């Protein structure tokens, strides 16, 4: 029924290059009265989205000239001429052959590209007065790394690892990772080990307390 | 361009009603269909329903998970779109956008963030973080509601501070951390405004 | 309903087409207002 | 459904939104093609090719003061920059022929010609050569909307002596600076706006910008853009001898350690501009394309005649942004280095803050200046840079810069973003478009920058195409002496083993005007045309193929005369049926129409094949003559000879009624 | 610092050109009588940052300058335009 559409999930591109995004559908997506049954979209991080391309052929009024769009059949391309500072955000590819649709699309995340960076790891155990309070909490902080991909695991766990990832920057894209592992006193007394695997590193670094 | 003005956010109890309001300035409201898109953390955009303009009927359509739970109404004489929600659940703490057009989602409003909560207000509990690995900080745990402000040396030290968003855990209370970096006196001041508490906790270097 | 889909695209063409034509009119036929004038003329007229 | 009243309107809204953004781009960012260029320069240079040769040598055009202009050269020179009324410079570039004019050609009386500023006469000659260089007949521009934009200023001519008694007033419109373009528009017949600007040595680029504006708006078809600067008094040298602004040796040392003044020169330069779409719709020749331009003012500075840096950077950025480009699509920039100990570092530092800034490393940006070769032109410097850029683009090489043996130590050269041209660098075409830019910074404050590019991919390898069939070569001139001059020119042109005879004939027939004294040679081979032109230039006409004469009325009324019977001979047009198709077609149609009523073919009798009757019997002689005359009349009319009356002697009235249309071929055969 | 254009119509009539030039090393006798400084001097003493042009059209110069100013304002390279002309005699030559 609904034609499946996709796009690459992430593609950091340095400013000054003709970046491109693709939308490879499963079945033919065309419009008889118009050209193609497709609509490109954009949303910068933190505000309302906006329309960029409609029929996959037009260029919306109010969006810059460097944007464009082409393609047919099952393959489409959003040909961008140049990349600037405020180009970061999320891109979406939507089809309008039959409605209501259900393949809304995860969207492509675009940010600033930089060289590989390795995180500095800091393991902080709960304080002594926190131990007197009756609830334990360790934190495994990763600082100054790029790009994303570092997933932490506690081998001392599962279902209680809340990660507070730093927001998408606009100066050099330098993220910081932090985890919230909550423990109780009877739970802390037996767990008395955060492991990190990143392409900035080479081996999975394990820090204990 | 034209302006969509939206209001109706706030605190909700799981299982009761709430109605939004969206007015339009700069264009005729009686000719456009209106769609509603919810946005919640950990997920992308999601169409939840849409209503048709007059001269084409008044038919309304909804999503599978909300059919029989939500309703959408409008008034073209006074020109508002209303979304009325009955029996809200705790997973719908989200910001709602009203979009012009049934299929061409041409315009998106500023949106309002409305939340259903089962927990009451609570003061924070700030704990120091001793380095046992240079970096040092404090953890703000078990507070409600947003937001909270953290400062170091009464606003003197502003470099190297790394605050983090308060990710909701499985319980229903908020917890974040603020960590600065210093090579090697050091205190963090946490202010919770709606409960009117100001703690100054020293952190061992 | 094939009216709804083909009509809503023609209201986002009426918008953009007006914007483009109006920019064209601004480009070629913009009236120019006169703000002030000064002159030195013979016969003591200044 | 679609109702084809809502989905049929969609197809005519989405195909109008596209002739609107595109119409917007046509309105604001239309590139302007350059068609042809002409120049009079000091040192005997009166053609762009000699200019290019002088540029690749790295030569000099520095000579002494003129002697035939009436100057007092023994009471003028003084080796001390004091004693006003005297000048301490003894060098300078000057024209070799500044007092020459062809009065009778343009219809100007000798006294009016003697009352002209020589700038106007040189501009007239240069404009005529500019028009003729584009392969355009100069009589086809009459009534068309062609603009004339010029940069010219007064230097003092005949204003020191008492005015003679010319009641008609020949001494005001000759020296006035507003007639330098109106006179061209009057003597040439152009119908477009004519403006003579003043911008204090940035006038040429201001006129070019105005021409680009006019062409993009759509009120003009072609533009003649240029400047002129011909001295008549040595005053400029004396005045700048008082301020010690002139170079001691008279050489402009652009971007060199030791520049201590500028040196002036004389020159007239013109270019022809047209829209690219109309340039390649009509089939003209494209040399380069002007993309964008920018103008501004120096503003409030530390002096009325002092340069500023931020103004130059801002005008550079405006020139970059107005066309949609960025700093880095550049191969070389034409600078305004006049040898100013103070302006050269400022301009160079302005160039390294935009172009050599954070630039790619595998080349620097080439910096050059033309003022080190010919000197300061002070009215046509920007257009001279335009000609240098066009010549470099066409010939595929960047000429070097003189007097840069090492650079001045006041420019920070270690960045590597800008390097001086110290030699000839190849500039062949490749993967990247080859762009470059010219920069003229006036003394009154107005600064300008223009960005030139290469011409699109095109094929011109079709000129070499010749047949064994006869070619007519027709020459025409206003005077007999000019007639032999042009004949000798064409005869010496047809000497070389690569000059196509058919191409020369077509160029003479199409791309040249028609004058009072005319001559023509019909030649089947190449040495025959050489000998015919030999005789024409020799002042005689004795051979068989040469026909010459003079006409005073520019058009005739043709009357066709068809004689009777008694002028036949066996073998009429025996080859014409094989060499000309119209003759054979008309004969052949007449033959089908005459076939039912005789048993023989007309071509059979004409070609003397066996089995056909002779031409001694009247019943076969008359139809043959009828067919021959009607075919000849149709062949005459196929070449553009439109008759106005037909007359017949004895039996030619039938053919006359045929040609007049009063009958058909049908009842004519009957 | 604002982008304001100065478009003028002015021509030379003869001033101080019949007498011998005095000894001003700084050159005060060229930029004073030149027709290309009539607008540059205004732009320098007032601080305007726009194009300055002094045209010649033989008594139709003012309207030509006005047309050029309209063109410049419509294109968008200028904010304001000072458009005018000047004609002050210094010799009776025109009458003679």
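Just so it is clear, A, B, C, D and E label the chains in written order, and each chain counts residues from 1 on its own.
We adopt the following convention: a residue touches a chain if its C-beta (ideal position, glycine included) is under 8 Å from a C-beta of that chain, and two chains touch if they have at least 3 such contacts.
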For this session: Pick out whichever of the two, B-C or D-E, is joined by more C-beta pairs in contact.
Result: D-E
Problem set entry | Between subunit D and subunit A, distance of the C-alpha-averaged centres to the nearest whole Å | 61
Seminar exercise, completed: Rounded to the nearest Å, the gap between Cα centres of subunit B and subunit D is 71
Problem set entry | Geometric centre distance via CA averages, subunit E-subunit C, whole Å | 32
Problem set entry | Per-residue overlap in subunit E, given as positions that touch at least 2 other chains | none
For this session: Return the residues of subunit B touching two or more other chains; collapse runs of consecutive numbers into ranges.
Result: 102-104, 106
For this session: Pull out every residue in subunit A that's touching 2 or more other chains.
Result: 33-34, 54-55, 58, 96, 99
Problem set entry | All chain pairs that touch each other | A-B, A-C, A-D, B-C, C-D, C-E, D-E
Seminar exercise, completed: In the complex, subunit A touches subunit B at residues 39, 41, 43, 47-51, 54, 62, 90, 92, 94, 96, 99-101, 104-107, 121-127, 129-130, 133, 137, 139, 141, 143, 160, 162-164, 166-167, 176, 178, 180, 182, 207, 209
Problem set entry | Parts of subunit C lying in touch with subunit D, wherever the complex brings them together | 2-3, 6-7, 9-10, 13-14, 16-17, 20-21, 23-24, 27-28
Problem set entry | Parts of subunit A lying in touch with subunit C, wherever the complex brings them together | 33-34, 54-55, 58, 60-61, 96, 99
Exercise. Okay, in this complex, where on subunit A does subunit D touch?
Worked result: 33-34, 55, 57-59
Seminar exercise, completed: The residues of subunit B that touch subunit C in their complex are 31-33, 52, 56, 101-104, 106
